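Student: Give the three-dimensional model of this entry:
(6 chains)
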Amino acid sequence: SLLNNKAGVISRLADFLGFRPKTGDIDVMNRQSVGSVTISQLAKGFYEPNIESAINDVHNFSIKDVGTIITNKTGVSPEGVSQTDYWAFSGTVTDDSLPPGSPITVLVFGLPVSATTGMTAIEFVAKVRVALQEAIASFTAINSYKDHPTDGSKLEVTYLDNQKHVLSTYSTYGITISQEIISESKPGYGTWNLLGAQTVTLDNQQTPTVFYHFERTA
Amino acid sequence: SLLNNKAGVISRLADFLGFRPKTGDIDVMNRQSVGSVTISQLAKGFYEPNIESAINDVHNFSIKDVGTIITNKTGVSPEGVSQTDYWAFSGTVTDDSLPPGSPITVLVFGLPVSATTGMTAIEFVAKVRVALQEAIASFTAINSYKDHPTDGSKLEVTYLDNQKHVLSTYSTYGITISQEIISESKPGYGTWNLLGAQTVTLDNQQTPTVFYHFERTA
Amino acid sequence: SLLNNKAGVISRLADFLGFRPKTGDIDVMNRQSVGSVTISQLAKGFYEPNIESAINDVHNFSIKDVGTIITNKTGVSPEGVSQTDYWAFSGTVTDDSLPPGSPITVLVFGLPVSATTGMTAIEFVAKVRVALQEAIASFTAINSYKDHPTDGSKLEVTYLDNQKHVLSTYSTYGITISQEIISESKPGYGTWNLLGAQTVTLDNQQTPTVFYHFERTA
Amino acid sequence: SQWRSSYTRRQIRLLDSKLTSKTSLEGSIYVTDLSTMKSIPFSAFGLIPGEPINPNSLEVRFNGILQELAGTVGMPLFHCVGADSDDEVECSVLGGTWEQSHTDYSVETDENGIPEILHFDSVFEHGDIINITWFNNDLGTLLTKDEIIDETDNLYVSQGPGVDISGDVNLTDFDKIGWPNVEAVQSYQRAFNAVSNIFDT
Amino acid sequence: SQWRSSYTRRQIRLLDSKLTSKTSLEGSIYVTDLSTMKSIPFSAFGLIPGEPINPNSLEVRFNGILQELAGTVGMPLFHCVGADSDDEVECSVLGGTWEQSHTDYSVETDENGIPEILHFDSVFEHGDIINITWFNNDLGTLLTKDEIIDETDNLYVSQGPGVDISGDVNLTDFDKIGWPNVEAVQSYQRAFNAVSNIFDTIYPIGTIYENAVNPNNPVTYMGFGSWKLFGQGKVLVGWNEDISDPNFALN
Amino acid sequence: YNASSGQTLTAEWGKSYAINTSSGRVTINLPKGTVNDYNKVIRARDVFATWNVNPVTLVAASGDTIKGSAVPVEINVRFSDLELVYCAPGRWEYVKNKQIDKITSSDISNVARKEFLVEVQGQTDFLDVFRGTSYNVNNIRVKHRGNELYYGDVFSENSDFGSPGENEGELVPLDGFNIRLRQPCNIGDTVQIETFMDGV
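Tutor: Numbering: from 1, shown residues only, chains lettered A, B, ... in the order given. Next up is the structure itself:
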């Protein structure tokens, strides 16, 4: 069956990537299944329930309107936290297909780094700084970077999103490129605000319990 | 590497489209990663973590059970809002591959509209009304349409979902088809109910703060 | 256009499957669109917004931190519920390409079951038990199975996830394999705890309303 | 200069239902409900009046995707497992009524001398595109004698020896038949190429 | 005379801009800004001085996908829907400027020998693979002994099934014809090798033939058989196996 | 004739045709049976060249050939113009290689070479000449690196050529496929044979 299975996708573009919708799913406006075909992809010709709509639906589901109070006893603001990492670099830049001091590009965790053969990790990092600027300048997956304080061959790295990012250590051109995770990212979205503490004695409890009301500021 | 990369997909059917699962993801029943392979696709033969399961998981995550109280100071019901738009039409239906008054089909934002050559936008819209009925009758991306009150060449349009829908203006067969967004869609799901207002003085605040408790009615 | 449309996907691997990001989407750290390209796929070379990031974003959105109070009047813990099902089996194992008592493998809802020709559903189920162990041992989509108490040809089945699983009845090798859904799965994630009941009289109500505060224990 | 090449490619792009506005045209437009009609006939493709797919060779492709659709023959066989209503084994029908597949997966091509018609079964998105392969058929023919000279006798009869006919007569008069109106005929061999030779003999 | 190529083939791999940092090599490496330059000139593919292809039948593919590129011809055509800035049809500029796509989507082959530059417009991922397969000579197909067996099928008329003959009889005297002098024939097969075989089944011995006008022995105009004049001044009348028929039962 | 109308066309003797193959193939089918008429040119061409790209498809219907084996001819030639008359030996003339701006004219016969390194002595003949089809007798080509003498209009003892596999002496007629030579030659003394052949 792989034939007409492999037939499949055509256009990529998850707009155009189909989705078996949830059977009996009203969760959208009490109306339709998540991922149901939308006027976006209709205009684009794609007539089937799709991956695109499924993302925005649950997205539109998990996003509470501004000003919504989140309440907990703990008191951590719902706001997400980005992951912050180190990128540990080592070795000397080496290209045996070019003479020493040969400008090349090196992809650091997918970030191109222009460097010349013979650069140690530090000079490599010196170039890595250039790329990370673009990674910030292009705002691609990297919120910010910072030079490792005691090490030139490491760089403190911050990611745009609140997701978790785990990458694989590799060594290119005599330069080992490894990611050292510093801070875990935390779930959340938007900007939130603690209103304050509410102490509450539950109905037949003896003990008053404290709550923390988190308004959405964004 | 694009070879075995392009090797890839086979069967489309996001059930069968793989997903690199989240590493160390218990968020499903405190058990497995989001998008982990499910008995659905096992039965279908697909043995890998997939896009299907990943959608329903976070879907099943972002859906609070009926009767759950959402509380805010603002007071907007969590319930989603569909987008409502105008579709602005202009020109006269024109097919130079057929004589005048030649019935043809016109895709309006992906909706086929049977119209004959020579119809102005209004007569075109007259036919567009027929298609929008089906778009409602088929319940595809369009919650409802309404004739533009002062313009026959425009139509007030409502979408099934609560997502945001932005489409591109195009002109086919001497008929310009453009979407004019009227109302923004708002995040939310199900049917919700404000219980009422709770004024709360926080622990060391002087100022009582009001809350609005939104029960889920669906 | 299907040409460059079909051009499309290359590498599968929803990391590498693109996503049209949401226009003007800050919901990630008040920063970027859901599904925006991440350092994961950058390292993997994929430079486009993708399906991977879109799942974790809304995932990271719909996951409230441990200790968060969910409050309802109803009192059902937010914790998800897995689906539990029967798998009804019938007939005698039959392979006409092999002599009787011929060990073969049978895929039960995608689970291979080694069985020899001539086994009735019960002996088939006897083998099905072996596979379900692996399905549990491999922890693939099946939380647990249990023998149908009054029927050897049925098996009580439990799924890992909290999603909904509906499968199609089929008959292979003279063995009909059908799924009988027992318990519906319920939305939720993590481990939650009811703090207790809070009776609240709303601002101008006469009637005190009770709430149930659900802390996240996981 | 160019040697060129000896071969042809063919294609269709079909759009479904009303959405076309445009009837099936040459191998350019095809219109239908994809749901309704499985396969396609080809006049809806590019056609020279003859020689589709030298029968030892076919590549028919859709989307941009490249697979053996041909003839609804397959190495999996599964002429059973074509199996609308999805019963897996034994071809015996269970549950929903099961069908031994007339056309198992994708392209079938019926016709004899060449396959004037193709059949096919799959479901597609609204727009479809097809790709088609016609090799040069012409040449291969073989084998010399000693086997084919043994091939004739046990099987296909033979012409045997031809017979001179000295006793034939022809009718000079077709209303009142025969004598006096008759003509003796000169002698002639009868070698039997067809049954008419036989029939008259 | 040149015998040229007989197939061969080409494929190109480019990576964009600095990511290569290296220039194009033969048909192996290519380099450019991919969004800046649509199409290709090909010296980019490996070039050898035969004029390579039938430009008509041209396999031009990218990724691993068979796709119809060369010429910016397509059976849908739509040069007017080349139409960048999504001005849909009718060639009149609406919204952004529409313009006629001289190069419609994919490849537009060019001028005299072959495309001199294949003129392509579509987006790629920076690492490229483009399948260029340009045939010469031909393809024959070869089958063994089935032709000579399957091809004569409509040619000849086959023996078909062979029949045993249990009923045949012969004249034990050819002067006086008929019973008492008759001899039945033992079982043996007739597999019809030649016409005479056919002839004996259609005219078994004792068959009564009548030609209207021809006085000649049938073997003269037929070519087969030993024939005797028969029933002169005699009518043929059905003989009865019911003995009660006084004349036509008993002989 | 539009490329848009049909992908084929047919049959008007004295009517002259610009050919569009752009929209798609053009398969031309000329009249047939033609009696004794001959005398009749038909005209197809490229005003604009859509030949190359999507070319001609020229189809004579069975019967009288245009040239050779009557299989449908195709023209890559970018510009082209087609002058073809029905020619009394049941033939349709075709002007060889031609277009506007360009003289491609006439025809190119075909020479190929195959050297025979002689071994083993013996070797007074060589079979099949060039493996496919036949040798073209009229121009004999064989070398010892001394280029061997004519086969000749009159096969002679003077002419030193065996001609295929003759029982004794050597065969007076020459045959394309197999050749023979009066000489054993010598190993390493190379018999170097060529043809001037009509088709490749």
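Student: just checking, what's the longest helix in chain A?
Tutor: Using DSSP state H, we find that the single longest helix of chain A is helix A:121-134.
Student: Close to chain A: what parts of chain F are there?
Tutor: Neighbours of chain A within chain F, by C-beta under 8 Å from any C-beta of the partner chain: none found. No exception for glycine: its C-beta is placed from N, CA and C like everyone else's.
Student: Residue numbers of chain F in contact with chain C?
Tutor: Taking C-beta under 8 Å from any C-beta, no part of chain F reaches chain C.
Student: And the residue of chain F that's closest to chain C?
Tutor: residue F:24 (16.9 Å; C-beta to the nearest C-beta).
Student: got the contact list for that residue?
Tutor: By C-beta atoms under 8 Å, 6 or more residues apart in numbering or on different chains, residue F:24 lies in contact with D:26-28, D:46, E:75, F:3-4, F:7, F:54.
Student: Tell me who's in contact with the residue lying closest to residue F:110 once chain neighbours are set aside.
Tutor: Closest residue to residue F:110 apart from its sequence neighbours, by C-beta to C-beta, 6 or more residues apart in numbering or on different chains: residue E:1 at 4.1 Å. The contact partners of residue E:1, by C-beta under 8 Å, 6+ apart, come to F:108-112, F:200.
Student: which SS state does residue E:1 fall under?
Tutor: Assigned by DSSP: H, G, I helix; E, B strand; the rest coil, the conformation of residue E:1 is coil.
Student: Against residue F:112, how distant is it?
Tutor: 7 Å (C-beta to C-beta, to the nearest Å).
Student: Which elements pack onto whatever helix or strand comes next after the longest helix of chain A?
Tutor: For helix A:121-134, the succeeding helix or strand toward the C-terminus, using DSSP states H and E, is strand A:144-147. Applying 3 or more C-beta pairs under 8 Å, 6 or more residues apart in numbering or on different chains; DSSP states H and E, one finds that strand A:144-147 contacts helix A:121-134, strand A:154-158.
Student: what's around the closest residue to chain C within chain A, how many residues?
Tutor: As assessed by C-beta to the nearest C-beta, chain C sits closest to residue A:110 within chain A, at 2.6 Å. Residue A:110 has 22 neighbours, counted by other C-beta atoms under 10 Å in any protein chain shown.
Student: Does it touch residue C:16 like I think?
Tutor: No. Look at residue A:110 against residue C:16 with C-beta atoms under 8 Å: they stay out of range, at 11.9 Å.
Student: and for the two, which residues touch both?
Tutor: Counting by C-beta under 8 Å, 6+ apart, the contacts common to residue A:110 and residue C:16 are C:41, C:44, C:46.
Student: For residue A:58, give me the backbone phi and psi.
Tutor: Per-residue torsions, residue A:58: phi -60, psi -30 (degrees, to the nearest 10).
Student: With residue F:82 instead?
Tutor: Dihedral pair for residue F:82: phi -120, psi 110, per degrees, to the nearest 10.
Student: what's the neighbour count on it?
Tutor: Residues near residue F:82, counting by other C-beta under 10 Å, number 24.
Student: Name whatever forms a beta bridge with it.
Tutor: Beta-bridge partners for residue F:82, by DSSP bridges, are residue F:44.
Student: where along chain A do the helices fall?
Tutor: Going by DSSP H, chain A shows helices at A:2-7, A:39-43, A:51-62, A:121-134.
Student: Quick check: which of the helices and strands packed on strand A:144-147 is nearest to chain D?
Tutor: That would be helix A:121-134 among the helices and strands packed on strand A:144-147, by C-beta to the nearest C-beta, at 34.1 Å.
Student: Only the buried residues of that closest one, if you could.
Tutor: Judged by neighbour count using 16 or more other C-beta atoms under 10 Å in any protein chain shown, the buried positions of helix A:121-134 are A:121, A:123-125, A:127-128, A:131-132.
Student: Next: stretch A:19-26.
Tutor: Going by neighbour count (16+ other C-beta under 10 Å), the buried part of stretch A:19-26 is A:19-22, A:25.
Student: For chain A, give the residue positioned nearest to chain B.
Tutor: Counting by C-beta to the nearest C-beta, chain A gets nearest chain B through residue A:42, at 2.6 Å.
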